[PDB]
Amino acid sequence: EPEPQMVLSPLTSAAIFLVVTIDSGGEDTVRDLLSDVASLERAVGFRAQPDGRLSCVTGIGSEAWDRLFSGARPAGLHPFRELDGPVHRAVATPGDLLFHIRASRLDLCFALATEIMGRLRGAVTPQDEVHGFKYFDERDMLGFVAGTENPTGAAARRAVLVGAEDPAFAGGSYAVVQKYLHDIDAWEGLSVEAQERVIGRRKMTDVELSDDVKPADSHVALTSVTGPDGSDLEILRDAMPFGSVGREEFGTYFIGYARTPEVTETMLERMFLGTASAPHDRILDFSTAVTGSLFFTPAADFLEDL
């Protein structure tokens, strides 16, 4: 088999997301760092095992792919598509390389980002840096448990990893990132029961609302999607709270992994464009997207053989 990157990670309480663009002439410096990134992860993380749980997933954008590599393109790799809905917009922002860094502690994420950015100085321009923290009981910036219905084990592997549909790229995945800022004032003005109707779960106990009470425009209803077979279409998410209390900046950095970008893009269309029964996802009345990018995260042996 090919060795995937650590897409399927254990639960982690800390993350750094780095998005960067490749300057004129930066290609060779980038290809060098890509062939070393797995060995840098071992160097920073190994001495802190078993508690550190440090990992890095590397993604490459559509335009960056053609600057870096000759030969085939992964069949689903394209630039993020903007959605201009009746009320809400999903923007596209620039990005060539993503580093999704996770661990039990921010300091280990920081030490790996420092070695990666040290090797790229003068080849890349930073577009975004986010220092994520999960709340001690797995809660998100809105006060709800985050991750409950993610797939696990073999269902997670089937949902996330490219297979025989695109054999040269088996063991890869597609990552969509969006930085959201929340209107926390408007959100905390709702009763808990009104917040539960926005999400589609109980806030304190995390039990799903039944199909007879769950509104059509609740976040859980709109991100539930069935294929032609009537099989559930799933993705793997690891969204992280972030912010600054001084600047009144309270955010969710969304990341979702899927075997094909079509599943994530169908969920975004239902959220932003609505359906027959729902104008839009109620969660977008409290959350504004300010970034949007799409990346292919190759199998680790692809990056190693550079």
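Heads up: residue numbers just count along the shown sequence, starting at 1.
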Query raised in the report: Where do the C-alpha atoms have the higher mean temperature factor in this entry, in 23-31 or in 274-282?
Result: 274-282
Query raised in the report: For the C-alpha atoms alone, is the average B factor greater in 68-76 or in 185-193, going by the entry?
Result: 68-76
Query raised in the report: Highest CA temperature factor in the entry: which of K134, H100, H131, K214?
Result: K214
Report summary line: Top Cα B-factor in this entry, restricted to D140, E115, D84, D206, sits on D84
Report task. Going by the recorded CA B-factors, say which third of the chain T93 sits in, lowest, middle or highest. Result -> middle
**Report entry** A15 CA temperature factor, ranked by third within the chain
**Finding:** lowest
Query raised in the report: Sorting the chain's CA B-factors, does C109 end up in the lowest, middle or highest third?
Result: lowest
Requested in this report: Relative to the other modelled residues of the same chain, rank the CA B-factor of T125 and answer lowest, middle or highest third.
Outcome: middle
**Report entry** Modelled-residue ranking by C-alpha temperature factor, third containing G45
**Finding:** middle
